[PDB]
C-alpha cells in the first residue's frame, strides 16, 4: 500500500506504477522512499520473477517536484542496482529529468511511440543526478550522453531508440503487452536464482577492471548452481517432456559466497 505508486502482482510479474498523474508523476521525497520499499517487496516476493515500471496518466515522470545528504534519485538508482529481479521500464509518456535518469539502472527500456525524453538539468541551472554520470554512458555511450546533457533537448522516442536508450518502440496500446510478454517469458523459462546472480554479475562486473574478477565470482556461481536442485529439475523436466518448475527461490537459496545486497559506502569529504 503506497500513496505515490500502484503495485500489483499477477502471473509472476510485479508492476510498479508511478502514480501522481495530475502532477505528470513528478518525483517527491515520498515516491523515493516508496520505490525503495517497492523493490524491497519485489526482492522478497518469490511470486515476483520480473518487475515492470510504468507511469499513470499521460507521463512516465516529468521531473522532480519543485549524513544522508544523498540525492533522492541516486537512492532509487542505487537500490535498483542491487535489485535481484529483472526490471523493465515501460515508458508511456514524457520522462524528463529524474524521470529519464531513474530508467538507466533498469535492465530493459521499452517506449511508447508517444514517449519523450530530456536530460534538461543544464537548462534549469542544475546537474544530472541519480548517478546518471555512471549509468548513462553505459546505456548510450559517452558522446550521446554528453550531447543530451549539454543541450538539455527534449527528444523523440525515435531518437531514444536509434541512439540506444530504448530497446524497442510500441504503439501506446501495445507497450504494456510487450513489457508483459518479456516479463512472462523470463517468469516461465528461467530459474529465479540464476536470473538474480546473472543480474548482479552483469551490472557489477561492468565496473570491474579485469575479467579475472568475473572469473572468480562466476566460478563460485556455476559450482553452486551445478550442485543445486534447479539443475536437477532442469534435467528431469527435459527427459519427462515438461516445462521446468525451478524450486529454488531468491528469498532463501541465493548462494552465500557473495553478499548480493552489498554496496560501497556513501561518505562525504
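Positions refer to the first chain, counted from 1.
- In terms of unmodelled positions of the deposited sequence, the stretch from residue 66 to residue 67 in this entry skips 10 or more residues.
- Between 67-75 and 150-158, the higher mean Cα B-factor belongs to 67-75.
- The PDB entry records a higher mean C-alpha B factor for 218-226 than for its counterpart among 30-38 and 218-226.
- Residue set 53, 206, 61, 231: peak C-alpha B-factor at 231 (per PDB entry).
- Annotation for residue 252: C-alpha temperature factor in the highest third relative to the rest of the modelled chain, per the entry.
- Sorting the modelled residues of the chain by their CA temperature factor places residue 43 in the middle third.
- When all modelled residues of the chain are sorted by CA temperature factor, residue 105 is found within the lowest third.
- Split the chain's modelled residues into thirds by C-alpha temperature factor. Residue 16 is in the lowest one.
- When the modelled residues of the chain are ordered by their C-alpha B factor, residue 199 lands in the lowest third.
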